[PDB]
Enquirer: 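Provided herewith is a single structure, encoded as structure tokens, for subsequent inquiry.
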Amino acid sequence: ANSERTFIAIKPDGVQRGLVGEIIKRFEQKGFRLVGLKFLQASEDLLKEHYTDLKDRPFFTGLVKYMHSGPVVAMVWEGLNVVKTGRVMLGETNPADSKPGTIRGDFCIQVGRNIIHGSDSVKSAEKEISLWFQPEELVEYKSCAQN
Amino acid sequence: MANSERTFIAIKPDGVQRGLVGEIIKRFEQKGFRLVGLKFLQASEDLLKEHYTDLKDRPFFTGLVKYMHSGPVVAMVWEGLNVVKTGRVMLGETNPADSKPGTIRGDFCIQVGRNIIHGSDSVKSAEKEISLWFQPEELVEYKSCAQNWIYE
Amino acid sequence: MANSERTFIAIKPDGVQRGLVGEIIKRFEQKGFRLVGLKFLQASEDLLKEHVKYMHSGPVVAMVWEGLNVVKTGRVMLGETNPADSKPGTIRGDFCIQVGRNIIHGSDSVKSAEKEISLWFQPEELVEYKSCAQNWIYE
Amino acid sequence: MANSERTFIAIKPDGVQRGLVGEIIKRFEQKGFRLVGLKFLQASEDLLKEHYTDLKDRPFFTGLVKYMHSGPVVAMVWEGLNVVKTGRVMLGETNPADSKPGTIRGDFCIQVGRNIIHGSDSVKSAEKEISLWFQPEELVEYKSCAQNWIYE
Amino acid sequence: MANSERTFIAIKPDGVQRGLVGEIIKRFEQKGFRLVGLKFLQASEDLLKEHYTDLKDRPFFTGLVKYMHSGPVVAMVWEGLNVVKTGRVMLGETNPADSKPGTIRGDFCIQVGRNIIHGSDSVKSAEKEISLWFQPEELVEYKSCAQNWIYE
Amino acid sequence: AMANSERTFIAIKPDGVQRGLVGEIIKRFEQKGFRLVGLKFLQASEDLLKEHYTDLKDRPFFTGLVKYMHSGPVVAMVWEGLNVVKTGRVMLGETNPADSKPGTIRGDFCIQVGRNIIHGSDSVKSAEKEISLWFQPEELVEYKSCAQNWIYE
Ligand SMILES: Nc1ncnc2c1ncn2[C@@H]1O[C@H](COP(=O)(O)OP(=O)(O)O)[C@@H](O)[C@H]1O
Ligand SMILES: Nc1ncnc2c1ncn2[C@@H]1O[C@H](COP(=O)(O)OP(=O)(O)O)[C@@H](O)[C@H]1O
Ligand SMILES: Nc1ncnc2c1ncn2[C@@H]1O[C@H](COP(=O)(O)OP(=O)(O)O)[C@@H](O)[C@H]1O
Ligand SMILES: Nc1ncnc2c1ncn2[C@@H]1O[C@H](COP(=O)(O)OP(=O)(O)O)[C@@H](O)[C@H]1O
Ligand SMILES: Nc1ncnc2c1ncn2[C@@H]1O[C@H](COP(=O)(O)OP(=O)(O)O)[C@@H](O)[C@H]1O
């Protein structure tokens with residue numbers, strides 16, 4: 001359980017508003033280990049697969065186009081309960097319901113521009129990780145402290 | 001439009017005296033709200049009693065006005081989607097002991113009589129407080145750049 | 001005297017070794033509590049504080065903070081005892097992962113605070129001073 | 001009287017647009033200077049040409065006034081010992097590429113035409129800038145509790 | 001054209017291990033530079049020997065390569081006016097003891113053998129280092145909204 | 001060899017404490033990589049302060065300096081690291097805060113030379129004198145951190 005991994009993606013608005021370092025800092029100071037990190041403009045096919053459970057939803061077409069309008073930071077973090085805690089750190093889906101102290105609570109307002117994505121479960125994490133990262137891009141090392 | 005709601009935020013004299021003006025403003029800037037009005041003044045007793053007119057019959061009303069008059073305040077107007085209620089969440093609760101960490105009052109103050117900040121509790125009180133503290137000429141209009149990334 | 005309530009906060013070795021001492025003290029200063037005691041030591045015979053090896057393996061920063069409801073609010077600022085339910089914005093919510101390797105301790109109650117303060121601090125180490133912003137904190 | 005020196009500090013439109021108002025204010029508050037005046041406005045073209053009258057024959061003067069008029073600015077007056085000279089040191093240099101890390105311009109901007117902030121370069125120019133931008137009632141007098149620990 | 005200059009910035013393994021990645025990135029974001037490339041990897045010894053090829057005859061070369069290979073590094077490309085020279089200024093000096101407070105090396109490290117960050121020293125070095133560490137398809141290309149307020 | 005075990009004495013003056021800057025100052029030394037060795041909180045007596053500032057006893061500001069340093073509690077610290085004495089002074093700034101640059105403690109947080117919030121040993125000689133004056137040897141704690149492997153080669 002100490003080696004659980006989650007997928008975190010900084011959406012284009014978050015990149016455009018200069019929030020990459022702030023977001024990464026919150027995961028670092030929390031104690032989670034950085035495993036994968038890349039910067040890319042996600043293709044429309046990749047995004048449709050990423051949000052496949054929401055294709056019939058009314059906001060899907062605009063969601064895929066907005067996630068394609070700019071580059072994203074794709075990340076993998078490792079640690080105990082990182083999936084659930086990552087979701088807690090992110091906030092709620094609607095930033096209006098995200099508490100102060102959370103990433104979405106502190107830094108954004110509207111649900112269509114909520115700066116960050118996080119996996120909802122281990123099953124979604126393993127699917128998102130293998131979708132966004134090849135296995136050789138995931139680094140394994142012993143981060144300090146921890147123990 | 002919904003993305004044009006406005007609220008009134010005031011940094012109370014204890015928040016100014018303790019050097020919290022920048023910290024408070026920064027929270028509204030980084031959240032994505034747009035600064036519309038900003039002034040710095042020592043509010044008169046008449047202005048404060050009209051501001052707190054719904055509390056005229058509370059036992060703490062006289063002490064409230066005297067403390068709000070004991071020093072300068074920062075009066076502000078912030079604009080954005082749901083800015084009134086979201087502003088209240090960012091401030092915390094009336095009693096800072098009920099304000100959770102991460103809120104302005106939860107992080108920076110202790111006692112209900114010195115809660116450093118005020119925020120409009122409703123849209124109707126907001127426009128009432130805005131017009132009370134600001135003239136229409138003092139409210140600035142500008143399209144910031146990141147609104148394409150703040151709103152759809 | 002209401003505003004004169006005191007609590008005992010201890011930074012455990014993981015907090016010290018991860019460089020969080022100043023960050024933790026800052027959260028109490030910016031909140032408005034008054035620093036009363038502050039010392040640095042490797043603790044032995046910790047069998048009185050608890051009712052032991054990890055607290056003896058390294059250094060502990062022991063503090064005494066004063067203010068209205070400092071015991072209750074101090075525990076709010078630390079976060080829940082498990083870091084998995086601790087909210088972002090709290091000390092444990094921001095910096096802590098698991099329960100065993102905890103970074104910080106805070107007094108459970110006023111009665112516990114009085115006991116822990118008397119055990120860890122001599123009376124000569126508790127400094128009384130009037131801070132300037134305390135009349136802007138209290139009514 | 002030396003501890004009562006005042007300077008004029010203005011956050012330019014790019015500074016407001018990029019959300020640096022609270023950050024800039026925080027640096028002056030944490031330094032120990034006293035906030036005296038604070039207002040938010042879109043400066044008229046006459047006010048800006050008067051503000052930059054010593055540069056009217058420069059090739060960039062026209063673009064400077066237009067850019068300064070392109071958005072709202074935050075006008076400020078700060079008080080303290082050597083606040084004019086120290087204010088310039090905290091801002092950095094005219095070209096952000098010459099501004100050192102730790103200063104406002106060094107930390108936050110890149111090119112001279114977009115250097116987010118203005119500060120008076122002398123007591124004389126500060127006196128003129130403060131009168132040009134502020135009315136006398138907009139300057140607030142108060143004693144902060146910090147001053148006994150800031151000045152001997 | 002000048003505003004499209006690019007530099008290579010690497011966070012060294014000690015910087016990654018001490019939890020400084022976000023701090024370092026934030027200094028480049030808040031300054032106004034545009035992130036162009038970003039990757040996380042454990043660099044091979046041959047990559048590291050080519051990167052520091054001008055130092056192959058230095059007595060510390062073997063220890064430098066081993067240390068740079070002992071953990072994963074964060075590789076980055078940043079774009080902006082004078083980003084190469086300004087990146088050096090933000091980094092500090094080779095010896096952290098000569099790096100001023102406010103710089104990355106001056107704030108965050110102590111020993112020359114563990115100075116947490118690398119940055120290109122020249123435009124020629126940056127072009128060599130960028131193509132050494134990145135492939136062209138990894139260099140992302142976009143119009144940051146916050147760019148009409150950074151550049152004239 | 002033991003160059004990384006050099007120690008300095010840093011004291012947060014009463015104005016630094018009263019203005020709520022204790023956490024800010026400690027953080028700068030922590031994030032730099034220096035190791036906290038000693039830490040205490042006390043209202044230093046006049047006899048202690050006069051010994052601490054003995055080289056200044058004939059200066060015009062000596063009596064005011066001792067009185068102000070006694071008017072409230074100070075945070076006394078010992079920090080350890082390579083060249084921590086000289087580097088600590090750089091992190092502090094100059095005697096006059098008006099000559100202290102942004103990014104330094106005195107440059108960011110204070111204004112006047114008489115209220116410069118912090119003290120730091122000006123030499124290795126001064127440091128061992130100041131450390132023993134304010135601290136007994138059993139108050140100096142020993143530990144090694146995970147970061148030491150990444151701060152020093
Ligand atoms: N009502 C909506 N309008 C526009 N976009 C939405 C709406 N609801 C969700 N989205 C977008 O779809 C993304 C995925 O939503 P979902 O997976 O249900 O929540 P979460 O973001 O917590 O995983 C969100 O990040 C958001 O940007
Ligand atoms: N019991 C009390 N004693 C002293 N002051 C109080 C008390 N209750 C409220 N106040 C002050 O009156 C102000 C207005 O009260 P109210 O509008 O009910 O709270 P809020 O400001 O959270 O909306 C508060 O900001 C607080 O500073
Ligand atoms: N060569 C230039 N190109 C574009 N803008 C300039 C140039 N020189 C100065 N400016 C702008 O005009 C303002 C006033 O210039 P000056 O008073 O000399 O600098 P400072 O504001 O640092 O005192 C500057 O802050 C800068 O924004
Ligand atoms: N004297 C030295 N001893 C050990 N390592 C060194 C020494 N000089 C340089 N290095 C290492 O080699 C790297 C490259 O050296 P150089 O290119 O001269 O410095 P810079 O990184 O400042 O451009 C440095 O960042 C440092 O980590
Ligand atoms: N001219 C002065 N007036 C008042 N106090 C002073 C003056 N010069 C120095 N002091 C105080 O005495 C302390 C010791 O001075 P000194 O050791 O020479 O400087 P530093 O503290 O930078 O080493 C200073 O930190 C300062 O607080």
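Side chains are part of it too, since the values below use all heavy atoms of this structure and drop only hydrogens, waters and symmetry mates. Numbers restart at 1 for each chain; the letters A, B, ... are given by sequence-line order, proteins then strands.
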Enquirer: When you check the side-chain N and O atoms of C/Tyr54 and C/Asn102, is any donor under 3.5 Å from an acceptor?
Expert: no
Enquirer: Top residue by heavy-atom pair count (under 4.5 Å) with chain F, among C/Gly32, C/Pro59, C/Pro13?
Expert: C/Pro59
Enquirer: Would you mind checking which part of F/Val75 comes under 4.5 Å of any heavy atom in chain C, side chain (CB onward), backbone (N, CA, C, O), both or neither?
Expert: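 Just its side chain gets close to chain C.
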Enquirer: Looking at C/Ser57, C/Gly19, C/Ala62, which has the largest count of heavy-atom pairs under 4.5 Å with chain F?
Expert: C/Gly19
Enquirer: With side-chain contact (heavy atoms from CB on, under 4.5 Å) as the criterion, how do C/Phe33 and C/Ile9 come out once you've worked through the C-alpha distance, each side chain's angles and the decisive distance to 0.1 Å?
Expert: CA-CA 12 Å; C/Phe33 293 119; C/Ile9 311 292; over 6 Å; no
Enquirer: Under a 4.5 Å heavy-atom cut-off, does chain F meet the side chain of C/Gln17, its backbone, both or neither?
Expert: both
Enquirer: Measure distances from F/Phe41 to the heavy atoms of chain C and classify the residue's part below 4.5 Å as side chain, backbone, both or neither.
Expert: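 Looking at F/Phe41, backbone and side chain both touch chain C.
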Enquirer: Centre of C/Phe121's six-membered ring, under 6.0 Å away, within 45 degrees of the axis: is that where NZ or CZ of C/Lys39 sits?
Expert: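 Cation-pi check for C/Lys39 and C/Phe121: passes.
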Enquirer: Looking only at heavy atoms and a cut-off of under 4.5 Å, which of F/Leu39, F/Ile26, F/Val17, F/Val37 has the most pairs with chain C?
Expert: F/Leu39
Enquirer: Take the angle between the ring planes of F/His52 and F/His119 and call it parallel below 30°, perpendicular above 60°, tilted in between.
Expert: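 Plane angle over 60°, so perpendicular.
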Enquirer: Just verifying a value: how many Å separate C/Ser131 OG and C/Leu35 CG, rounded to the nearest 0.5 Å?
Expert: 10.5 Å
Enquirer: Heavy-atom distance under 4.5 Å to chain C: side chain of F/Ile25, backbone, both or neither?
Expert: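 No part of it gets close to chain C.
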Enquirer: Among F/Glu24, F/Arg35, F/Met77, single out the residue with the greatest number of heavy-atom pairs under 4.5 Å to chain C.
Expert: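 Highest number of heavy-atom pairs under 4.5 Å: F/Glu24.
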Enquirer: Please flag which part of F/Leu42 lies under 4.5 Å from any non-hydrogen atom of chain C: side chain, backbone, both or neither.
Expert: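 Only the backbone of F/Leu42 comes within 4.5 Å of chain C.
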Enquirer: Under the 3.5 angstrom rule, does the side chain of F/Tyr143 hit a backbone N or O of C/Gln42 as a donor-acceptor pair?
Expert: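 No; zero donor-acceptor contacts below 3.5 Å.
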Enquirer: Between C/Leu20 and chain F, which part of the residue has a heavy atom less than 4.5 Å away: side chain, backbone, both or neither?
Expert: backbone
Enquirer: Let me know if C/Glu125 has heavy atoms under 4.5 Å from chain F in its side chain, its backbone, both or neither.
Expert: backbone
Enquirer: Can you measure from CZ (F/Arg28) to CG (F/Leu92) and round to the nearest 0.5 angstrom?
Expert: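 Reported value, rounded in 0.5 Å steps: 10.0 Å.
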Enquirer: Checking C/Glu128 against chain F: side chain, backbone, both or neither under 4.5 Å from a heavy atom?
Expert: backbone
Enquirer: Identify which part of C/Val127 has an atom lying under 4.5 Å from any heavy atom of chain F, answering side chain, backbone, both or neither.
Expert: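 The answer is the side chain of C/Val127.
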Enquirer: Under a 4.0 Å threshold between the charged nitrogen and the carboxylate oxygen, would F/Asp55 count as salt-bridged to F/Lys129?
Expert: no
Enquirer: Taking F/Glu30 for its side chain and C/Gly22 for its backbone only, find out whether a donor-acceptor pair lies under 3.5 Å.
Expert: yes
